[PDB]
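From first to last, the protein sequence lines are chains Z and V. Everything in the first sequence is counted per UniProt numbering, starting at 866 for the first residue and increasing by one. Everything in the second sequence is counted per UniProt numbering, starting at 866 for the first residue and increasing by one. Note that the Cβ used here is the ideal one computed from N, Cα and C, for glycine as well.
Protein chains: 2
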Amino acid sequence: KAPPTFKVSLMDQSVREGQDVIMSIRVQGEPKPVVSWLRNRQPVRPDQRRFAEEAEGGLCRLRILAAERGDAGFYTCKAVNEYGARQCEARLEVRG
Amino acid sequence: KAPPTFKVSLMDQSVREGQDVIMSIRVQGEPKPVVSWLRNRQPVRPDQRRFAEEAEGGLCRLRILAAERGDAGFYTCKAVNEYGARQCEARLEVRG
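The following block contains the structure:
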């Protein structure tokens, strides 16, 4: 049993408009943490060009297809399980 | 011959995340004005879920598919021809 911890945390990025973005973390914890994503402290609502993925080894990703200036902001990854909670944050900037 | 004028101008809107947005203007002028779109004074870069359209009678539209919080901002429609320039603006807000 273990509360959530981040083995890989978010880091700032600056992309050009039209480029895809990936934000990746690696979380540990038992039971497996529930991982959710915020932009400017609001839930990230998925759509065809922005969505969350879970991969093996605790990898969790937020994918944005063809970045727009409005994607810029502060992104938070929240992790929760029965034994605690943890979060990390980074900034996405978008250039012309 | 005539400089650009707006017969129908932008107006503020507040949509829910996931809803489509249309911003419409009707421009007059001869030669036909060149119409371009800005968000927060930056060019709107088109992609599959955001693009500009021109229809008959001088109708010009900006379409956003499945609005996201980051689409919120102040949108400007710029019109230019050989005889002058005009612009109008409105705000888009996005609710959960």
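Pick from the options: whose alpha carbon is nearest that of residue i?
i	options	result
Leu957 of chain V	V:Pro868, V:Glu918, V:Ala867 and V:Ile929	V:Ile929
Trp902 of chain V	V:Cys953, V:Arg960 and V:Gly961	V:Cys953
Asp912 of chain V	Z:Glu921, Z:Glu882 and Z:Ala867	Z:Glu882
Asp885 of chain V	V:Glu933, V:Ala867 and V:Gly949	V:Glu933
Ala867 of chain Z	Z:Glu921, Z:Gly894 and Z:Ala931	Z:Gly894
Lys872 of chain Z	Z:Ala937, Z:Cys942 and Z:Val959	Z:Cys942
For residue i, which residues in the same chain have their Cβ closer than 6 angstroms to its Cβ, ignoring the five residues on either side in sequence?
i	result
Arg926 of chain Z	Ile887, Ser889 and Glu918
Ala944 of chain Z	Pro869, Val892, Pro898, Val900 and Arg951
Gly935 of chain V	none
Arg914 of chain Z	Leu930
Using DSSP with H/G/I as helix, E/B as strand and the rest coil, what is residue i?
i	result
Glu933 of chain Z	coil
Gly922 of chain V	helix
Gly961 of chain Z	coil
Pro896 of chain Z	coil
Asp912 of chain V	strand
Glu882 of chain Z	coil
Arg956 of chain Z	strand
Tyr940 of chain V	strand
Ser889 of chain Z	strand
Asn946 of chain V	strand
Counting only the same chain and skipping the five closest in sequence on each side, list residues whose C-beta sits under 7 angstroms from that of residue i.
i	result
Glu947 of chain Z	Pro896
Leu924 of chain V	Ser889 and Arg891
Excluding the 5 residues preceding and the 5 following residue i in the sequence, name in chain order all residues of the same chain whose CB lies nearer than 8 angstroms to its CB.
i	result
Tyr940 of chain Z	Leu875, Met888, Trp902, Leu903, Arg904, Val909, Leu927, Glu954, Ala955, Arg956 and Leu957
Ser879 of chain V	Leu957, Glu958, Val959 and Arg960
residue 836 of chain Z	Look at the range of chain Z in this structure, 866 to 961, and you will see that residue 836 of chain Z is not part of it.
With a cut-off of 7 angstroms, does the C-beta of residue i fall near any C-beta of chain V?
i	result
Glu918 of chain Z	no
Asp885 of chain Z	no
Compare the C-beta of residue i with all C-beta atoms of chain Z and state if any pair is closer than 7 angstroms.
i	result
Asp877 of chain V	no
Could you name the residues of chain V that residue i contacts, counting a contact when the two beta carbons are closer than 8 angstroms?
i	result
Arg904 of chain Z	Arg934 and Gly935
Can you name the residues of chain Z whose CB is closer than 8 angstroms to the CB of residue i?
i	result
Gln907 of chain V	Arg934 and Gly961
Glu882 of chain V	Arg910
Note down, in chain order, every chain Z residue with its Cβ under 7 angstroms from the Cβ of residue i.
i	result
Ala931 of chain V	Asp912
Interface residues of chain Z around residue i at Cβ under 9 angstroms?
i	result
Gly938 of chain V	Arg934 and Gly935
Along chain V, which residues have their Cβ under 9 angstroms away from the Cβ of residue i?
i	result
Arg915 of chain Z	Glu933
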